[PDB]
Structure formats: C-alpha cells, structure tokens
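Since the structure comes first, as structure tokens, the remarks are kept for the end.
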Amino acid sequence: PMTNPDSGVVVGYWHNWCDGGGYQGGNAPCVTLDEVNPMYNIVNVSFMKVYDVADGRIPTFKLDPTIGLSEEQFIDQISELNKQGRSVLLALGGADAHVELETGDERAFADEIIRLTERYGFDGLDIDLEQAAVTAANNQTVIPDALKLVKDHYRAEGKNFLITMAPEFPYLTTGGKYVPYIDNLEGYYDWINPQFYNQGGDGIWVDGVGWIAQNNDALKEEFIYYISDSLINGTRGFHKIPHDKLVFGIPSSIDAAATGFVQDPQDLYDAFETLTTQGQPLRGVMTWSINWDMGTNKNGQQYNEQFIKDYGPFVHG
C-alpha cells in the first residue's frame with residue numbers, strides 16, 4: 001500500500017506537536033493531516049526520535065495526543081492521503097532527538113521502521129538529522145545500513161519504500177560530512193531535499209560571477225541556480241545528486257527559519273527555468289514547514305498558505 005509520486009513533488013513537513021514558536025516570534029499550530037493542502041503531495045511526519053534514553057537507542061514514533069487525533073484517526077487520515085495519491089513519510093531526527101545509533105543497532109532499527117510502516121501506513125522515511133547528529137556515534141553507517149534492509153524488505157514484496165534526505169547544503173561538498181549518507185544509499189534513495197537555509201553567510205563562489213551567499217536576497221536567483229547546477233553536475237566541489245533526484249528545500253516564511261527565505265518566488269521560478277532550459281529540471285521543492293505555512297506571525301497575521309500557493313501550482317503545472 002506504498003504510495004509513490006509520479007512526477008514533481010512539493011515536500012512539506014508536518015509537526016507532531018502544537019504551537020511552536022518562530023524565528024520572528026510567530027506561532028505554528030498543530031493541524032490534522034486532513035487539513036493539509038493537497039498540493040503538498042509528500043507529507044513528512046516529524047519526528048521519529050528517541051523520546052527517553054531509558055528506552056534504548058532505537059528511534060521510534062509516538063503520536064502527540066494534543067493534536068486531537070486518535071491512533072485510528074491518524075492511520076485513517078494517512079490512508080486517505082494515499083487514496084489521493086499523496087505520500088506520507090516518517091522524518092527521522094529533528095532537534096534534541098538523541099539519535100546516536102551504534103554499530104550493531106542496524107537490524108533492530110530496520111525492524112522498528114518496518115513495524116511503524118506496517119502500523120501507520122508510512123510510504124518511506126526522510127533522514128532529517130540535526131547538525132550535531134550527522135556525525136554522532138555511528139549514525140553515518142548504521143542509518144544507511146538499516147535503510148538498505150528496509151528498502152530490500154519492501155522490494156521483495158514488490159514495493160518501493162521512499163528514502164529521502166534533508167542535509168544542510170554546505171555538508172554536500174565532495175569531502176563533506178554528509179557524503180556517507182549519499183554514497184551508502186546510492187541506488188536506494190529516491191531524492192535528496194537539502195536545506196538551502198539556516199546557514200547564514202555560507203554560500204558558493206562561482207568563478208566569473210563572485211561570492212553568492214545564502215542570505216543575500218539580491219542574488220537569490222543566482223544562488224538557487226548555481227548551488228543546484230553544482231549539485232546536479234557534481235561541479236564546484238559538490239557531490240553529484242542527479243537533477244531528477246534533487247528537490248530544493250526552502251523556508252515557508254521568515255518564522256520557519258532564521259535565514260534562507262525566498263523573498264520573491266520569481267527568483268526560484270527563473271532559476272528553475274534556467275535549469276530546465278539546460279535540460280536538467282529539478283524534481284520539485286521542499287519546505288519547513290506545513291504548520292508554519294498554516295501559522296501566524298508575531299502580530300497575529302496568518303501566513304495563509306502563501307508558500308503552497310506560491311510553489312504548488314508552479315511545481316504541479
């Protein structure tokens with residue numbers, strides 16, 4: 001019962017908690033799955049984590065009851081997303097997740113991913129580790145090893161369990177800390193949706209063009225274009241990610257991330273247009289987060305689904 005997308009994707013994260021505070025003092029309410037705009041055709045339930053270190057190192061998922069959904073209602077709403085052709089992934093990691101897997105844990109971690117997948121109807125898993133967890137303990141080897149077990153388990157049932165990853169973009173260099181997740185899952189992952197945000201003054205130097213920072217709003221089109229062109233060709237010191245497997249992750253507003261919000265969507269449409277014109281169209285867009293897009297800013301104004309209104313029709317048309 002493992003729903004996959006047929007073409008472009010708009011990936012959105014869904015908070016398993018209520019009323020998060022924002023980088024500019026807004027508020028992100030919890031919402032049900034049935035409240036999510038259908039143009040979010042990949043919905044990432046956040047987060048699979050270790051809730052209590054006394055329960056051991058294996059991450060798990062526990063639905064937050066304050067969202068107002070029973071277990072059965074949550075399961076049913078996933079089934080309903082699947083009937084619409086939409087996928088629901090489990091996102092592993094997030095802040096304060098205590099994911100510190102050790103060599104030897106990979107079989108039990110795979111078992112728990114399979115168990116939650118059977119119980120809830122998840123269509124796959126997104127690796128969304130916090131900065132410090134990327135190289136913690138044996139995460140770089142145990143997490144890919146466990147996911148290969150899961151992938152092949154479902155492949156043997158004729159099903160494609162989706163595997164995606166949300167690296168912070170500076171770590172995608174040829175010698176970067178994220179490389180093992182990508183190399184170890186080559187041929188296993190379906191796409192990568194890096195975070196092109198929260199890295200302040202990081203960016204990329206483009207010979208003949210100059211220094212293009214992730215927080216430079218005047219060069220946003222050039223940033224999106226050149227960081228993507230580098231990834232999809234394995235150039236400018238970046239690890240290759242094929243263009244049909246690259247999804248461009250950006251904040252849904254200035255409350256969702258400290259930096260990286262795209263002030264003018266036209267900069268993204270034009271960058272994607274240049275990539276398409278050279279024959280390397282990207283697979284779609286990702287955002288942190290659905291709940292922020294449905295949230296409020298510090299003066300109580302609704303974000304009013306502005307992000308999915310800006311990028312949904314663009315990706316799906």
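Bear in mind that the values in this text are calculations on the coordinates, not laboratory data. Positions of Cβ are backbone-derived with ideal geometry, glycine not excepted, and every protein chain shown enters the neighbour counts.
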When you scan region 21-53, how many residues do you find that are in a strand (DSSP E or B), more than 23 Å from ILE143 (Cβ to Cβ) and under 18 Å from the mean Cα position of the chain (by Cα)? 1
Of the residues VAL36, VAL88, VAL11, which is out of contact with any helix residue (DSSP H, G or I) (no Cβ under 8 Å at 6 or more places or on another chain) and β-branched (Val, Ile, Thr)? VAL11
Could you list, in sequence order, the residues of region 227-250 that are over 17 Å from the mean Cα position of the chain (by Cα) and either among the acidic types (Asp, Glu) or assigned to a helix (DSSP H, G or I) (or both)? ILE227, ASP229, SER230, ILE232, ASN233
Take the residues of region 138-183 that are hydroxyl-bearing (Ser, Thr, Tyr) and assigned to a helix (DSSP H, G or I): which is surrounded by the most Cβ atoms within 10 Å (Cβ to Cβ)? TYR181
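Sort out which residues of region 259-283 are more than 23 Å from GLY200 (Cα to Cα) and either crowded, with 23+ Cβ neighbours inside 10 Å or not small (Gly, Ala, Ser) (or both), and write them in order of number. Working first, answer last.
From region 259-283, those more than 23 Å from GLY200 (Cα to Cα) are 273-283; that's our starting set.
Listed by number, the residues that qualify are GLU273, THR274, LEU275, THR276, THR277, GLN278, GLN280, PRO281, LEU282, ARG283.
So, of the residues in region 196-221 that are among the small types (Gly, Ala, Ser) and part of a loop (DSSP other than H, G, I, E, B), which turns out to be surrounded by the most Cβ atoms within 10 Å (Cβ to Cβ)? Can you show your working first?
Start the filter on region 196-221 by keeping residues that are among the small types (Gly, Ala, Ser), which leaves 200-201, 203, 208, 210, 213, 218.
Narrowing further to those that are part of a loop (DSSP other than H, G, I, E, B): 200-201, 208.
On the way: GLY200: 12, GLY201: 10, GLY208: 4.
Among residues in region 196-221 that are among the small types (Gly, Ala, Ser) and part of a loop (DSSP other than H, G, I, E, B), the one surrounded by the most Cβ atoms within 10 Å (Cβ to Cβ) is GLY200.
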Subset of region 271-317 that is among the aliphatic types (A, V, I, L, M) and within 14 Å of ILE250 (Cβ to Cβ) - its residue that is farthest from the chain's Cα centre (by Cα): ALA271
Could you say which residue among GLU80, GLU71, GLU118, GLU130 is under 22 Å from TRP14 (Cβ atoms), of a type in the set (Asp, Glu) and under 17 Å from the mean Cα position of the chain (by Cα)? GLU130
Quick one: what pairs do we get from region 292-317, first residue in contact (Cβ under 8 Å) with a residue 40 or more places away in the chain and among the aromatic types (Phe, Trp, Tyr), second assigned to a helix (DSSP H, G or I) and surrounded by 19 or more Cβ atoms within 10 Å (Cβ to Cβ), C-beta under 7 Å, 6+ apart or different chains? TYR303/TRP292; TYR303/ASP293; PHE307/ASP293
Answer with yes or no whether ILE224 is over 14 Å from the mean Cα position of the chain (by Cα), under 30 Å from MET48 (Cβ atoms) and either assigned to a helix (DSSP H, G or I) or among the hydrophobic types (A, V, I, L, M, F, W, C) (or both). yes
Candidate set from region 54-102 (those that are farther than 21 Å from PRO38 by Cα and β-branched (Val, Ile, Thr)); member that is surrounded by the most Cβ atoms within 10 Å (Cβ to Cβ): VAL99
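Is it the case, given these coordinates, that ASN4 is out of contact with any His (no Cβ under 9 Å at 6 or more places or on another chain), assigned to a loop (DSSP other than H, G, I, E, B) and surrounded by fewer than 19 Cβ atoms within 10 Å (Cβ to Cβ)?
Values: out of contact with any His (no Cβ under 9 Å at 6 or more places or on another chain): yes; assigned to a loop (DSSP other than H, G, I, E, B): yes; surrounded by fewer than 19 Cβ atoms within 10 Å (Cβ to Cβ): yes.
Spelling it out, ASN4 is indeed out of contact with any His (no Cβ under 9 Å at 6 or more places or on another chain), assigned to a loop (DSSP other than H, G, I, E, B) and surrounded by fewer than 19 Cβ atoms within 10 Å (Cβ to Cβ).
Residues to consider are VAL99, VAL88; find the one that is under 18 Å from the mean Cα position of the chain (by Cα) and assigned to a strand (DSSP E or B). So that I can check it myself, show each step before the final result.
Working: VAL99 fails: assigned to a strand (DSSP E or B).
One residue alone meets the criteria, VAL88.
Of a type in the set (A, V, I, L, M) and touching a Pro at 6+ places or on another chain (Cβ under 6 Å): which single residue out of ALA218, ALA257 fits that description?
Numbers: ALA218 fails: touching a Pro at 6+ places or on another chain (Cβ under 6 Å).
Exactly one residue qualifies, and that residue is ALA257.
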